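Spelled out, the chains give:
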Amino acid sequence: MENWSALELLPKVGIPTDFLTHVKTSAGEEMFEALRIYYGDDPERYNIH
Amino acid sequence: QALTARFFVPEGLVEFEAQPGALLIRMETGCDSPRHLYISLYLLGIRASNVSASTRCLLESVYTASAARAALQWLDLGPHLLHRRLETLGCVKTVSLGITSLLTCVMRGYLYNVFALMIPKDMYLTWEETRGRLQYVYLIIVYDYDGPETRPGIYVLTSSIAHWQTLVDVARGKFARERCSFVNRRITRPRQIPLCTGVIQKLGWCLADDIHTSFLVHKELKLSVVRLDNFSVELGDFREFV
Amino acid sequence: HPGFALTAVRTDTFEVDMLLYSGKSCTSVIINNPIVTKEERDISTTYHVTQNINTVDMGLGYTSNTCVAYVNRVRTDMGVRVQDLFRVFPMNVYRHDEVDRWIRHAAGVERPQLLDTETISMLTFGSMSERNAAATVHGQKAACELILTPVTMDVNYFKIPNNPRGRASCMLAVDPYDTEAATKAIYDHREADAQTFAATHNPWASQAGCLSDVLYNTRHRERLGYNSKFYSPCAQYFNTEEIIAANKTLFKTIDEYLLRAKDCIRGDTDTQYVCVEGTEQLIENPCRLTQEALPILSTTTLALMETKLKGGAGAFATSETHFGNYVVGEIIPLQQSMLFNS
Amino acid sequence: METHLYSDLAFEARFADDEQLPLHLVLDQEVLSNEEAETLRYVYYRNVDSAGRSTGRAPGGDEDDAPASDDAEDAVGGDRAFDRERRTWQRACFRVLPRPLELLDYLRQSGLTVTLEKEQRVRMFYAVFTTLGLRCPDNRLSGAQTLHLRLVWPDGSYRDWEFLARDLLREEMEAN
Amino acid sequence: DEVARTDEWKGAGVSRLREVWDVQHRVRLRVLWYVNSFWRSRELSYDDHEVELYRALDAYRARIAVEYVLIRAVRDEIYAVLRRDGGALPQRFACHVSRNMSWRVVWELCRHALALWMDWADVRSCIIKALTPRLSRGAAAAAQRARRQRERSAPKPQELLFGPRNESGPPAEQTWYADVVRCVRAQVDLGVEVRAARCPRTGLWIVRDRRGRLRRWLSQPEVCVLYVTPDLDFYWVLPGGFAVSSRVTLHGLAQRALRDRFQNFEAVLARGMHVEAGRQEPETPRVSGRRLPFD
Amino acid sequence: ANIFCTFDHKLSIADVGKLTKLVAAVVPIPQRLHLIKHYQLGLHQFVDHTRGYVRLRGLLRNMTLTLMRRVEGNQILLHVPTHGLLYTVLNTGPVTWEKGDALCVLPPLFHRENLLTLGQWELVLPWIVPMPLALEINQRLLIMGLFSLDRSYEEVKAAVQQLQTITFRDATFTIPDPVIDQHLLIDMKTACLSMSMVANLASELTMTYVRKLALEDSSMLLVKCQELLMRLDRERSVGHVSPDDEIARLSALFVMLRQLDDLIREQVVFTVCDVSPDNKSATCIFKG
Amino acid sequence: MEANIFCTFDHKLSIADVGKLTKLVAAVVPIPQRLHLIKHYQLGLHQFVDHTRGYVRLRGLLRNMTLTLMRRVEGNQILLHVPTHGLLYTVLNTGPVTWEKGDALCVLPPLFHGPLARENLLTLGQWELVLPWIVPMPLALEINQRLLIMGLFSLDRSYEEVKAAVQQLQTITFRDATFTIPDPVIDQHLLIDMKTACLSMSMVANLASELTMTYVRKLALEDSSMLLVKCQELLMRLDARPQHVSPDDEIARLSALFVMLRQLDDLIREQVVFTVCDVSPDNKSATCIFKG
Amino acid sequence: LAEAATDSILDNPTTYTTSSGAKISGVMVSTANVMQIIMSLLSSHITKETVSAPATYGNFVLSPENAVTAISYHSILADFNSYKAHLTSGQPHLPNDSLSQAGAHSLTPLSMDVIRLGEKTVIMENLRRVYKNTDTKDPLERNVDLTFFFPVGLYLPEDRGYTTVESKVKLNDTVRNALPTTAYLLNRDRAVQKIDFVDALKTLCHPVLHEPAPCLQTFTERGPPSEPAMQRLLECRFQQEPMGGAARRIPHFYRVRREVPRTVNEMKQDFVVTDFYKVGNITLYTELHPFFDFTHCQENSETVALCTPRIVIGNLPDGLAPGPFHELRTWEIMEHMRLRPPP
């Protein structure tokens, strides 16, 4: 129930990310609580309510 | 915090009671000047039907004193009416010795920064064997009706049960003998009208690790006690149950 | 020798020193200027001071690692005393009163006791029907929760770390959240076990309704009457419900191991009692995650024990066989070296 | 025990009303098996006169004497017959002793003093103590009366036995 | 001061103890006599003439015959209908069959099966197990309701457009009881609860276990089965699914004779059940010897 | 914790002097406002000639009872007490107190200074009584209520005359009869008929309910109940019950005993550990 | 000992939960064990409720739980305060009951509300924050009377005649709101109360004097009124100078009758927990003193 | 151990570096004993340094715009001004996070021990000072527990017996040595302890073992198997024929040319010992209890579950309790009664 669209639109700071194990494994084995994974370009972020 | 009152008692009553920790009761007798006489569980143990013979004779020798005899003689008339004749005054914290003595007992309080309540051993029993964290403690009197006359039982007991109704529901469960003996007295002789089977008074709450077993000495005689090492007193009313 | 064999299970606690690694700025500590609160009386006055810490984890893997580096003492006796099954199941009796009393005397037990009523069990934190011993030079009573076993169970089963119940039940192998497949893996006996391929090495433990299963599964205990204060080593292998409940993904089960699966045991009483006051520390249990038990040095006759005490350090590791006499060697070199070298 | 005494008291309070006298019975491992005696819920009894007429009815028949209806809106006197049948059963008191015992030793452990003629002491795996009343049409008992014993369990299944009063009273009464 | 009834009751004690048997001589139980019962003070009379015993035994004969008379009635109906239709009977239960077979041997096996069933007539049987729910109070109103609702003309359109739904009378699954006889090893299965469904493909019956599994009888040449419906229709079927059908006829008994015997029980409330009507219930109390007794 | 009260009328110097004498009495008010008018103080507002004692007892139970404080000009302060704290209370009752009593409150019954009147309004304070006396006098009034219908007989006249007087440690009383003009008031009427009818209802109902209970787990205490019930039934003979009727009778038993709860329950208010040599006033711990 | 009880919540509570839990400051929530540090899973009545089991056992467990007031809800910590005897406290009601002045309040397990809303508060997982009902004395003793009378009537009755009576008995109207008694199973927890009530009724029936038995018949000889007529109809089908008179006899017999009526009344009574002062007009909250 | 820890989200690159030598990679914390052991063991790699450390905590203050969003919506978005400015200007990226905006620029030096692990420089803390004389245990002092298991009374096949230690130990010929009825263990310290079957009596005599009521209950609940081989295992018929003309009726049973199904107990007796545990043992779903037999059989053509006790130990399945084991038990009995030279 995160504001993923806001995360996409908002400005971000870049870091050299270092996952212990491959990122898709970390997401697939849910090391992180709450997730969103999409493929390609998903236009969900292009409207503001 | 604590509240205290001052009382006069003569030495003959005080003798074994002289130690700092005790529970004080008042006797009202229909006499003219000495209406109220101040007695304790140490003396009341003589008539407690649940105490063993050896301790009974120990107290019989200990309270040979003159005034204690007349005090005991007033218990003879009316077993069922005993708790009516009794009134309670809390637990004692002060002692000064003399022919006429001045002693202090608290009605509602504790001691900040030792304050124990003593119990003679056979007066003590529990309905728990793993003590709850906070123990409510009582003075209860139960009547043995199955005999040629009724004999009174005396107990001080510790329990975590705070609600009176459930408490009496379990008390009836374990004291079913006295209920049946009461009804046996009623069916046997309707001439005299018996009152309740047992009487509850609420006074106290303590923490279980602050309950000690202790050994007590007076007049070079030696009797063993159970004690509530840091006693908190909250004096309630006598309540009856059949 | 009666017509059957036994297999014992017991849990021993070790007091350990561990070393921790953490990179620079693994996490950021947020603190506030302390808050003071006041309670005052006419005899003395007391101040309560409070300060809040908020820790924000600053990495995408695991930024800190621990290992149990050193150990020197066992809080349990490493004994072989048997659990008092009468105390844990106290209400139950034999039909015939005379034979019940005969068995009570013969096996040395008190009379049966009624369980504390639900109101009492709520008001006080358990019954604790068994008291402290007068003295104990060793540690806590590591009660062995025996389970029954066929006379001819395969001897090799005991020489390597296995599940004592006789079937593979580590929920890391099963696909996550497939409760149907997991119950199949633990209970089906037409699909061989995943560890020692066969239907089962102990048919009186590994399938639903065995005496071990009804003895040590907390569900069947709940259907029965028992006291929950008494910690039992065997329960962690037979509690199907939370074994299946742990059938989650890799990182969530790691986090559950390091946070939630820890045991709590009272440190003072001789009998291992459970604890929920939170004031007592929790205990790390690798056997829970691995879902296996460790083999410990055991031998039939004093001959092999003495010939292993006779030989040089390291003989405890081996497992040896005489005509009818076996030796089970300890899988980690604990007893001879790790405890006493200190 | 306690049920026998209590029911002997209670029947005296209603001897004139019911015209029934109390009868105290014991059951063992030969009347019902262990689990049934352990889970017994109700015990019922019903009287039958020497002519085959129940006591929940007047002797002069009833409308239930009719042949079976075979209808569907009526089943067999649907509600009327069912309620009359519920009328013709009376409920008795009972107690279960779930342990093996010797009956004389149990009774002497109790307050009684059993004074039987010789040591035909008997053993049983368990005991239930039922008590029943049997009816006096006038101040007399007919030897051909029949008394029925019914036992019901929590699942609603029941067992049903019937006894004729002559065997119960064979020379208990003709000697008296 | 008064003497108490229980005290003199105890001190007087008992001296009588004897065993008695039920009339069928199947059960024994003990009768106890207390010397303080008011029975001894009453001094009432006793009479045991032979005529009364004879009458009681005749009443007992009727009480016993109440079940075997229904057995005999259904048997006689089977035979009467078997002559009525010329013995040639249609298929009524669905199973595949061969024209090239020795049907005469199955006819003789049917004769054997019905004889063996007649020998093993018993109180527990599909006819009695179907009668027992018929006697309960609900069955009158329930069957009345079923006939009334069945007797409904096709709805007028506004009834179907508006208001609470229209419904269909019967459920897709029927509830049945059956008697199964096997001749190759003399054996009869009487207390059977069984589920039945009428096939949609053909108007014939498919029979199922109370698990959903199909029954095996129609394939086995050595078995014959009897069927009864909850509305007391009736079938006797021999291998191949060919059945003889008729009413279950019970006009051979008075209402009280079967009613008093087979009246299904209804509870009266006792500790451990909810006061709300028909509510869910905990596990039974079961005062038991395996646990330390409570007060 | 304070409550202020203002008198509408004037006040002579003698009347304000008469008020200040009561500077430690137990004065109840119907309910707790911050400021109240003088009428509500005391029991005077409830003193209708048609009602009397028993209803006033329950009213006194329900009200809040306060102690008095030293007086401002035209406005009196009432101090509402707190549980477990000591206060000085004045014994307006005609009894002597001793260090250790349990004290109860009940409406006055046996009454020049009491006329603390500002015109047709009188400050009738309640009585403070040692608990055994209160229980016994409640019993005695109630028993006087029961003989009320038979006052024509000479021996019951003597029995009532003997009941009315009670003697206590250096004290004597004459309790007024609960009947006036040979008629009984409505509250006493209801109380006594309810007591009598709960007795009758118990006698009628317990016989069937002991059997209804006994079928399951009948035991010795219930057998003793049966013995006493049978003897009571036989001794009363000196010479198939429908559901809703039983519901009505069973409900009535409990509602009747609920009406009695005013006179059945006797709660404590004060317990004393001090007394003046003058015995004019005492100090007590507050309860309830 | 400790006057403040700290409750820790085991979730990452969002804005919704931390806001709606802030909305319940000074509500009463029950605590079993009365200790310093307590987890949210053993707060409220959620674990003790089980519909397959009775309302009687839920009431029995509720009487023994201790009551606390909720204050200063902060991050994952709820800070329950235990009210001290004889002080002035504010309380927030949960049930739809309306509170007057002067009324004494008792704690009862929640009932089945007339239109059955229940409004789903705090479902943080499989848990739910079930709160008890705070009810004025007349309704509490009314519902206790109803449960006891329903148990007494219900025994040995078949279901069909039971239904018509219980559908009338089960519903209680009180101050224009109506509630239903949820689960009146005949538990042994109720059998103990019924046995005590039967013994007390038998005893009061026995030792009552002849004048106490004869009063209402003497009053029917004396007077005629609607209340007396209703009593007469109650006694209808069940129906000189005393043989000896004495005052002290009456004193003793009446005192015994009082102890027995105290038992019988106590079986209906419940222990008071709050006495109210003047109330916020919207029934939302009232000021009360904590009693016992 | 050190290389496994992933690097942080961020770092102040100038904070916690050796004055001239190195950048600090991580800190290792452990009790005094372990740290002392490391200091003695890896002496060549451990050296004393002075490092630059932040002198004060980072002071984080919040914008008034964050206060307004906090009052209204109950949330913060830190460095609100930067986000607003970057969204107005159109810049994609921010220079640094909210927490790198704290703890800055106040460096003061302190001296530590360090160790070299390849590229990594790691600090070492022995937190003795923080806990001495206090009433709380060091959280690095931990309780860990393990679960152990061992057999007793287990019996090895005679068909394949062998010795690996014949030259080491030799035993008397007695049967007590032959049949392993006890086990020996070591104490908390290395001292021998013994378990007999006698020690087991406190558990093995409990009624809970001997009551199969839950066993039978869940045996019925699970339901019979639908697999065809198991299906041929299920069928079995028993009934109570009258005993009146029992003898004369015997030939009539054999007149019928119909073979009968083996019972489950009968089938269980032909599985040899080494494969009674394999999947091919059809009957295994039955074997729930050592003392009791379970089976599914038919009555009224319904399938029911039957339970019955194994009155004598001889009734146990051959695979679970073989015959040669019974011969050894008999030899043990004779040895106990000193009849081993049997008369």
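Residues numbered from 1 in each chain as written, not as in the entry; some residues may be left out. Chains lettered and ligands numbered in written order. Part of a larger assembly, values for the part shown. Heavy atoms only, no water.

Regarding how it was determined, this PDB entry cites cryo-EM in its header, along with a resolution of 4.26 Å.

A.B. asks: Residues and numbers for the sheet that holds strand β6 (residues 88-92) of chain G, please.
C.D. replies: Backbone hydrogen bonds are what pair the strands of a sheet, in a parallel or an antiparallel way. Residues and elements named next belong to chain G. Overall, antiparallel pairing links the five strands, which are arranged β6-β13-β12-β7-β9 in an open sheet. Of all the strands in the sheet, just β6 and β9 (133-136) have a single pairing partner and so form its edges. For this sheet the average axis-to-axis angle between neighbouring strands, irrespective of direction, equals 45 degrees. By the bridge criterion, two bridges tie strand β7 (residues 104-108) to strand β12 (residues 274-279) in an arrangement that is antiparallel. Looking at the pairing, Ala104 lines up with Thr275 of β12. Packed on one face of the sheet, helix α3 (residues 137-154) meets β7 and β9 and runs near 105 degrees to β9. (Pairing = 2+ DSSP bridges. Helix = DSSP H or I, 4+ residues; strand = E, 2+ residues; numbered from the N terminus. Axes fitted to C-alpha atoms, helices over the stretch in contact; angles between N-to-C directions. Contact = heavy atoms within 4.5 Å.)

A.B. asks: Give a detailed account of the interface of chain C and chain H, specifying residues and quantitative values.
C.D. replies: Taken residue by residue, the interface counts 128 residues in chain C and 112 residues in chain H. Roughly 11600 Å² is buried in total at the junction of chain C and chain H, and carbon and sulfur atoms are behind 64% of that figure. Area buried by chain C at its contact with chain H is led by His1, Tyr21 and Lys24 of chain C, which between them contribute 8% of it. Inspection of the region where chain C meets chain H yields zero salt bridges. Along the contact surface separating chain C from chain H lie 49 residue pairs in polar contact. When residues in the side of chain C that touches chain H are grouped by element, the largest group, 19 residues, is from strand β1 (residues 5-23) of chain C. (Buried area = accessible area lost by both parts, 1.4 Å probe. Salt bridge = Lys/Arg side-chain N within 4 Å of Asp/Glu carboxyl O. Polar contact = N/O pair within 3.5 Å; in protein donor to acceptor, adjacent residues only side chain to side chain.)

A.B. asks: Account for the nonpolar core, naming residues and giving values.
C.D. replies: In terms of nonpolar packing, the biggest core is built from 283 residues, with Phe231 of chain B, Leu253 and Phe270 of chain F together with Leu257 of chain G touching the most fellow members. Of all the elements, helix α5 (residues 186-217) of chain F adds the most residues to this core, at 15 residues. Discounting chain neighbours no more than four positions away, the residues touching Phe270 of chain F are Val26, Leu65, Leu67, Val89, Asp101, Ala102, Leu103, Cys284, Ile285 and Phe286 of chain F. (Core = buried A, V, L, I, M, F, W, Y, C linked by side-chain atoms within 4.5 Å. Buried < 20%, exposed > 50% of the residue type's maximum accessible area, 1.4 Å probe, protein only.)

A.B. asks: Could you give an account of the interface of chain E and chain D, with specific residues and numbers?
C.D. replies: The interface of chain E with chain D comprises 78 residues on the first partner and 91 residues on the second. Carbon and sulfur atoms supply 58% of the area buried between chain E and chain D, which totals about 8400 Å² over both sides. It is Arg30, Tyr46 and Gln255 of chain E in chain E that bury the most area against chain D; as a group they hold 10% of the surface buried on that side. The tally of links from chain E across to chain D stands at twelve salt bridges. Between the two partners, chain E and chain D, sit 37 residue pairs in polar contact. Split into classes, the residues belonging to the side of chain E that touches chain D amount to 37 nonpolar, 16 polar and 25 charged. For strand β8 (residues 140-142) of chain D and strand β3 (residues 45-47) of chain E, the ladder comprises three bridges, and the chain directions are parallel. Among the inter-strand pairings, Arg140 of chain D is bridged to a residue of β3 of chain E, identified as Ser45 of chain E. (Nonpolar A, V, L, I, M, F, W, Y, C, P; charged D, E, K, R; others polar.)

A.B. asks: Kindly report on the packing of helix α3 (residues 131-146) of chain F against helix α4 (residues 154-164) of chain F, identifying the contributing residues and their values.
C.D. replies: Residues and elements named next belong to chain F. Where α3 contacts α4, the two axes come as close as 10 Å, and the packing angle between them is 165 degrees. The angle between α3 and α4 places the two elements in the roughly antiparallel class. The hand of the α3/α4 crossing is left-handed. Counted together, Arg140, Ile143 and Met144 of α3 and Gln162, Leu163 and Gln164 of α4 form the full contact between these two elements. For the contact of α3 with α4, the per-class residue count stands at three nonpolar, two polar and one charged. (Parallel < 35°, antiparallel > 145°, perpendicular 65-115°, else oblique. Left-handed = near helix turned anticlockwise from the far one by under 90°.)

A.B. asks: Lay out the packing of helix α6 (residues 220-236) of chain F against helix α5 (residues 188-207) of chain G with the relevant residues and their values.
C.D. replies: The N-to-C vectors of α6 of chain F and α5 of chain G enclose an angle of 30 degrees; their axes lie 10 Å apart at closest approach. As judged from the angle between their axes, α6 of chain F and α5 of chain G are roughly parallel. Pair α6 of chain F / α5 of chain G crosses with left-handed handedness. Only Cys198, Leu199, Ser202, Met203, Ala205 and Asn206 of chain G of α5 of chain G make contact with α6 of chain F, whose side of the interface consists of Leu221, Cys225, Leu228, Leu229, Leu232 and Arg236 of chain F. Residues that form the contact of α6 of chain F with α5 of chain G fall into these classes: nine nonpolar, two polar and one charged.

A.B. asks: Account for the environment of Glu74 of chain G, with residues named and values stated.
C.D. replies: Residues and elements named next belong to chain G. One can find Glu74 in the loop between β4 (66-70) and β5 (80-81). Given a relative accessible area of 33%, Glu74 falls into the partly exposed group. When the C-alpha atoms of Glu74 and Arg146 are compared, they prove to be 42 Å apart, with 72 residues separating the residues in sequence.

A.B. asks: Explain the sheet that holds strand β4 (residues 174-182) of chain E to me, and be specific about the residues and the numbers.
C.D. replies: Residues and elements named next belong to chain E. Taken together, the six strands give an open sheet; going across it, the order is β6-β5-β4-β7-β8-β9, and neighbouring strands pair in antiparallel fashion. Edge positions in the open sheet fall to β6 (205-208) and β9 (242-247), since each of these has one partner strand only. Each neighbouring strand pair of the sheet contributes to a mean axis angle of 30 degrees, computed without reference to strand direction. Sheet topology places strand β7 (residues 223-228) next to strand β8 (residues 233-238); four bridges connect them, and they run antiparallel. Residue pairing across strands places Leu226 opposite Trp236, the latter belonging to β8. Helix α3 (residues 50-84) contacts β8 and β9 of the sheet and is inclined by roughly 115 degrees relative to β9.

A.B. asks: Give me the lowdown on the state of the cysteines, citing residues and values where you can.
C.D. replies: Inspection of every chain in the model, using the stated rule, returns one disulfide over all chains. Each disulfide pairs two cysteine sulfurs, and for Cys264 of chain C the partner residue is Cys275 of chain C, the sulfurs being separated by 2.0 Å. On the S-S bond that ties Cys264 of chain C to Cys275 of chain C, the torsion sits near -105 degrees, and the link is left-handed. Residue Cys264 of chain C is located in the loop between α9 (250-259) and α10 (286-290), and its partner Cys275 of chain C is located in the loop between α9 and α10; the two are separated by eleven residues in the primary sequence. Looking at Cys275 of chain C, the relative accessible area reads 13%, which means it is buried. With no disulfide partner, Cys180 of chain B has as its closest neighbouring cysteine sulfur the one in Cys225 of chain F, 12 Å distant. (Disulfide = S-S within 2.5 Å.)

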